[PDB]
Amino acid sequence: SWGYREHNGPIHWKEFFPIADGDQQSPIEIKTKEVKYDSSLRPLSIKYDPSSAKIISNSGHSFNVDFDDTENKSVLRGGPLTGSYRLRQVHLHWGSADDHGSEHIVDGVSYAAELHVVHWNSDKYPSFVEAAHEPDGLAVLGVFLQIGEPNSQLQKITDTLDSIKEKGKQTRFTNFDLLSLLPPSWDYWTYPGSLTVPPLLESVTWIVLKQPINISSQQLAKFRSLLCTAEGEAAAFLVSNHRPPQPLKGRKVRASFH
(Lines of atoms letter the chains of each structure in order from A and count residues from 1; the text may use other names and numbers.)
(Lines give C-alpha, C1' and ligand atoms only; values in the text may rest on other atoms or scores of the structure.)
Protein backbone atom coordinates (compact mmCIF):
# COMPACT_ATOMS: atom_id res chain seq x y z
CA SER A 1 0.00 0.00 0.00
CA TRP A 2 1.15 3.52 -0.86
CA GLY A 3 2.64 6.02 1.57
CA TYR A 4 5.44 8.55 1.92
CA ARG A 5 8.13 6.19 3.18
CA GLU A 6 11.11 5.13 1.04
CA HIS A 7 9.56 1.88 -0.22
CA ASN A 8 5.98 3.08 -0.85
CA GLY A 9 6.60 6.75 -1.55
CA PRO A 10 5.79 9.06 -4.52
CA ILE A 11 8.43 7.62 -6.87
CA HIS A 12 6.76 4.22 -6.40
CA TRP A 13 3.20 5.44 -6.99
CA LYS A 14 3.33 4.79 -10.75
CA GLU A 15 3.68 1.13 -9.76
CA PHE A 16 0.17 1.13 -8.29
CA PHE A 17 -1.43 3.95 -10.27
CA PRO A 18 -0.22 4.35 -13.90
CA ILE A 19 -1.89 7.77 -13.98
CA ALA A 20 0.97 8.95 -11.73
CA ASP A 21 2.69 9.78 -15.03
CA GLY A 22 -0.35 11.49 -16.56
CA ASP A 23 -0.28 14.76 -18.49
CA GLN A 24 -2.08 16.79 -15.80
CA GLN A 25 -0.52 15.72 -12.52
CA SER A 26 -0.10 17.82 -9.37
CA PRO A 27 1.60 19.45 -7.63
CA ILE A 28 3.90 21.58 -9.81
CA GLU A 29 6.44 24.37 -9.54
CA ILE A 30 4.95 27.79 -10.20
CA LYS A 31 7.45 29.86 -12.20
CA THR A 32 6.20 33.43 -11.92
CA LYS A 33 8.18 34.42 -15.02
CA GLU A 34 6.04 32.03 -17.06
CA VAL A 35 2.73 32.99 -15.47
CA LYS A 36 0.23 34.85 -17.63
CA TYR A 37 -2.36 37.20 -16.17
CA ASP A 38 -5.88 36.49 -17.43
CA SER A 39 -8.47 39.27 -17.28
CA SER A 40 -11.14 36.64 -17.91
CA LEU A 41 -10.56 35.33 -14.39
CA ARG A 42 -13.21 36.37 -11.87
CA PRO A 43 -12.63 37.21 -8.22
CA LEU A 44 -12.99 34.26 -5.87
CA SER A 45 -16.28 34.15 -4.01
CA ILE A 46 -15.91 32.22 -0.77
CA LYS A 47 -18.84 31.49 1.53
CA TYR A 48 -17.94 29.22 4.47
CA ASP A 49 -20.35 28.34 7.28
CA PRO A 50 -18.52 27.54 10.55
CA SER A 51 -21.29 25.08 11.42
CA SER A 52 -20.36 23.02 8.34
CA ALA A 53 -17.37 21.32 10.00
CA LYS A 54 -18.26 17.99 11.60
CA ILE A 55 -15.21 15.91 12.50
CA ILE A 56 -11.42 15.70 12.33
CA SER A 57 -9.51 12.47 11.82
CA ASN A 58 -6.18 10.85 11.01
CA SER A 59 -6.42 9.16 7.61
CA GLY A 60 -2.86 7.90 7.92
CA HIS A 61 -1.70 10.41 5.30
CA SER A 62 -2.74 13.66 7.02
CA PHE A 63 -5.48 15.02 9.28
CA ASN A 64 -8.85 15.51 7.55
CA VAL A 65 -11.48 17.98 8.71
CA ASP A 66 -14.67 16.71 7.10
CA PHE A 67 -17.59 19.05 6.44
CA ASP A 68 -21.23 18.28 5.80
CA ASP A 69 -21.68 18.66 2.06
CA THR A 70 -25.33 17.62 1.86
CA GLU A 71 -26.19 21.29 2.20
CA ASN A 72 -25.01 24.26 0.14
CA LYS A 73 -23.92 26.37 3.14
CA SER A 74 -20.19 26.34 2.37
CA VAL A 75 -19.38 26.92 -1.27
CA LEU A 76 -16.64 28.29 -3.51
CA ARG A 77 -17.49 30.22 -6.68
CA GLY A 78 -15.89 32.57 -9.18
CA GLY A 79 -12.21 32.53 -10.00
CA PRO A 80 -11.71 30.19 -12.99
CA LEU A 81 -14.79 28.19 -11.98
CA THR A 82 -18.14 27.72 -13.69
CA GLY A 83 -20.87 27.01 -11.14
CA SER A 84 -20.84 26.38 -7.40
CA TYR A 85 -18.41 24.02 -5.65
CA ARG A 86 -19.37 22.66 -2.23
CA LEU A 87 -16.84 22.51 0.62
CA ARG A 88 -15.83 18.97 1.41
CA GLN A 89 -12.65 18.73 3.47
CA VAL A 90 -9.54 20.48 4.71
CA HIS A 91 -6.13 18.85 5.20
CA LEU A 92 -2.44 19.74 5.39
CA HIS A 93 0.86 18.73 3.79
CA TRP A 94 4.31 19.21 5.31
CA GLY A 95 7.88 17.94 5.15
CA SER A 96 10.38 16.38 7.55
CA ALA A 97 11.87 19.86 8.12
CA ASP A 98 10.67 23.48 7.96
CA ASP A 99 12.67 24.31 4.81
CA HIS A 100 10.78 21.91 2.51
CA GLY A 101 7.17 20.90 3.13
CA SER A 102 4.77 22.50 0.63
CA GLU A 103 3.49 20.49 -2.32
CA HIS A 104 3.53 23.31 -4.86
CA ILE A 105 6.76 25.28 -4.95
CA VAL A 106 7.29 28.84 -6.19
CA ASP A 107 10.34 29.90 -8.20
CA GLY A 108 12.37 27.03 -6.74
CA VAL A 109 11.22 27.73 -3.17
CA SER A 110 9.34 25.36 -0.86
CA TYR A 111 7.25 26.75 1.97
CA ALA A 112 7.01 24.88 5.28
CA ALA A 113 3.54 23.45 4.69
CA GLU A 114 0.45 23.73 2.49
CA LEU A 115 -3.24 23.76 3.39
CA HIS A 116 -5.77 22.27 0.95
CA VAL A 117 -9.48 23.09 0.92
CA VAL A 118 -11.24 20.49 -1.24
CA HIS A 119 -14.48 21.32 -3.08
CA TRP A 120 -16.61 19.50 -5.65
CA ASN A 121 -18.98 20.61 -8.40
CA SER A 122 -22.38 20.05 -6.74
CA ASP A 123 -24.11 21.93 -9.54
CA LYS A 124 -23.32 19.29 -12.17
CA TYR A 125 -22.67 16.08 -10.24
CA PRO A 126 -24.62 14.03 -7.64
CA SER A 127 -21.68 13.42 -5.32
CA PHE A 128 -18.03 14.14 -4.66
CA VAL A 129 -17.26 10.56 -5.68
CA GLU A 130 -18.57 11.12 -9.18
CA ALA A 131 -17.25 14.67 -9.43
CA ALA A 132 -13.77 13.34 -8.60
CA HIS A 133 -13.95 11.49 -11.93
CA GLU A 134 -14.73 14.53 -14.11
CA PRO A 135 -12.30 17.17 -15.50
CA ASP A 136 -14.43 19.96 -14.04
CA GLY A 137 -15.49 18.00 -10.97
CA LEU A 138 -13.15 19.27 -8.26
CA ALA A 139 -11.60 22.52 -7.08
CA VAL A 140 -8.84 22.64 -4.48
CA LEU A 141 -7.76 25.87 -2.84
CA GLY A 142 -4.15 25.82 -1.72
CA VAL A 143 -2.73 28.02 1.02
CA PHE A 144 0.99 28.12 1.74
CA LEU A 145 2.23 28.18 5.33
CA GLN A 146 5.55 29.80 6.12
CA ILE A 147 7.39 29.84 9.42
CA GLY A 148 6.64 32.91 11.50
CA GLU A 149 4.80 33.90 14.65
CA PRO A 150 2.39 31.42 16.21
CA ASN A 151 -1.00 31.44 14.46
CA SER A 152 -3.81 31.36 17.00
CA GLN A 153 -6.21 30.25 14.24
CA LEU A 154 -4.47 26.86 14.15
CA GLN A 155 -4.89 26.20 17.87
CA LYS A 156 -8.30 24.60 17.40
CA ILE A 157 -6.70 22.06 15.06
CA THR A 158 -3.48 21.48 17.02
CA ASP A 159 -5.43 20.91 20.26
CA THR A 160 -6.98 17.77 18.72
CA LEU A 161 -3.77 16.19 17.42
CA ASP A 162 -3.17 14.01 20.48
CA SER A 163 -6.70 12.58 20.28
CA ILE A 164 -6.17 11.49 16.66
CA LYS A 165 -2.50 10.52 16.87
CA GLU A 166 -3.19 7.09 15.38
CA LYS A 167 -4.41 6.37 11.85
CA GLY A 168 -8.16 5.84 11.91
CA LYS A 169 -8.76 7.97 15.01
CA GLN A 170 -11.37 10.72 14.86
CA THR A 171 -13.06 13.22 17.17
CA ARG A 172 -15.88 15.74 16.76
CA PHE A 173 -14.76 19.03 15.21
CA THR A 174 -17.32 21.78 14.75
CA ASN A 175 -17.76 25.56 14.82
CA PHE A 176 -14.60 26.12 12.79
CA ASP A 177 -13.85 29.55 11.32
CA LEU A 178 -12.09 28.38 8.15
CA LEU A 179 -12.36 31.77 6.45
CA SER A 180 -10.19 33.44 9.11
CA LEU A 181 -7.45 30.96 8.26
CA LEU A 182 -7.06 32.37 4.73
CA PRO A 183 -4.60 35.22 3.97
CA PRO A 184 -5.92 38.79 3.66
CA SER A 185 -5.28 38.75 -0.10
CA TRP A 186 -6.89 36.15 -2.34
CA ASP A 187 -4.72 36.78 -5.39
CA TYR A 188 -4.05 33.36 -6.91
CA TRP A 189 -2.57 31.18 -9.62
CA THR A 190 -4.65 28.51 -11.34
CA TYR A 191 -4.01 25.52 -13.57
CA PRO A 192 -5.65 22.17 -14.42
CA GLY A 193 -4.27 19.30 -12.35
CA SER A 194 -5.04 16.30 -10.19
CA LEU A 195 -5.29 14.93 -6.68
CA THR A 196 -1.82 14.83 -5.10
CA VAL A 197 -2.51 11.44 -3.49
CA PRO A 198 -3.77 8.16 -4.99
CA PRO A 199 -5.92 7.62 -6.99
CA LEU A 200 -4.30 10.81 -8.41
CA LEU A 201 -7.37 11.55 -10.56
CA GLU A 202 -6.97 14.44 -13.02
CA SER A 203 -10.18 16.22 -12.07
CA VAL A 204 -8.84 19.20 -10.16
CA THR A 205 -8.93 22.87 -11.03
CA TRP A 206 -6.17 24.14 -8.74
CA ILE A 207 -6.35 27.57 -7.13
CA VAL A 208 -3.16 28.38 -5.25
CA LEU A 209 -3.09 31.61 -3.25
CA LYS A 210 0.03 33.73 -3.65
CA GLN A 211 0.07 35.10 -0.10
CA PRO A 212 1.06 32.59 2.61
CA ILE A 213 -0.13 32.46 6.21
CA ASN A 214 2.03 32.03 9.29
CA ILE A 215 2.72 29.06 11.55
CA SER A 216 5.41 28.76 14.23
CA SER A 217 8.04 26.02 14.08
CA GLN A 218 6.63 24.64 17.35
CA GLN A 219 3.11 24.44 15.91
CA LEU A 220 4.16 22.70 12.70
CA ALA A 221 6.25 20.16 14.62
CA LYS A 222 3.06 18.89 16.27
CA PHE A 223 1.77 17.54 12.95
CA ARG A 224 4.91 15.42 12.57
CA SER A 225 4.03 13.70 15.84
CA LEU A 226 1.03 12.10 14.11
CA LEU A 227 1.42 8.48 13.01
CA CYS A 228 0.68 6.98 9.61
CA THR A 229 -0.06 3.73 11.48
CA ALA A 230 -2.97 2.44 13.56
CA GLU A 231 -3.23 1.80 17.29
CA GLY A 232 -1.84 -1.61 18.28
CA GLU A 233 0.21 -1.68 15.07
CA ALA A 234 3.95 -1.14 14.44
CA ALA A 235 4.62 2.60 14.72
CA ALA A 236 5.82 5.01 12.04
CA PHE A 237 5.53 8.79 12.22
CA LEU A 238 3.99 10.90 9.47
CA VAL A 239 7.07 13.15 9.32
CA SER A 240 6.46 14.12 5.69
CA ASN A 241 3.48 13.90 3.36
CA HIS A 242 4.05 16.12 0.32
CA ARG A 243 4.39 14.91 -3.26
CA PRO A 244 7.31 16.22 -5.39
CA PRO A 245 6.45 18.74 -8.11
CA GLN A 246 5.28 17.08 -11.34
CA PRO A 247 6.11 17.93 -15.00
CA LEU A 248 4.02 20.85 -16.27
CA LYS A 249 3.59 19.14 -19.66
CA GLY A 250 2.62 22.32 -21.50
CA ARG A 251 -0.15 23.35 -19.12
CA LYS A 252 -0.84 27.05 -18.68
CA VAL A 253 -0.56 28.59 -15.21
CA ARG A 254 -2.75 31.68 -14.98
CA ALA A 255 -2.64 34.60 -12.54
CA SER A 256 -5.73 36.43 -11.31
CA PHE A 257 -3.60 39.46 -10.50
CA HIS A 258 -1.29 41.87 -12.32
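Numbering starts at 1 and follows the sequence shown.
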property: Higher-B stretch (mean Cα B-factor, as the entry records it), 174 to 182 or 104 to 112; result: 174 to 182
property: Of 39 to 47 and 22 to 30, the stretch whose C-alpha atoms average the higher B-factor in the entry; result: 39 to 47
property: Out of 85, 128, 94, 144, highest CA B-factor residue; result: 128
property: 124, 156, 119, 167, ranked by C-alpha B-factor: the highest one; result: 124
property: Third of the chain, ranked by Cα B-factor, where residue 187 sits; result: middle
property: Ranked against its chain, the third holding the CA B-factor of residue 71; result: highest
property: CA B-factor ranking of residue 149, expressed as a third of its chain; result: highest
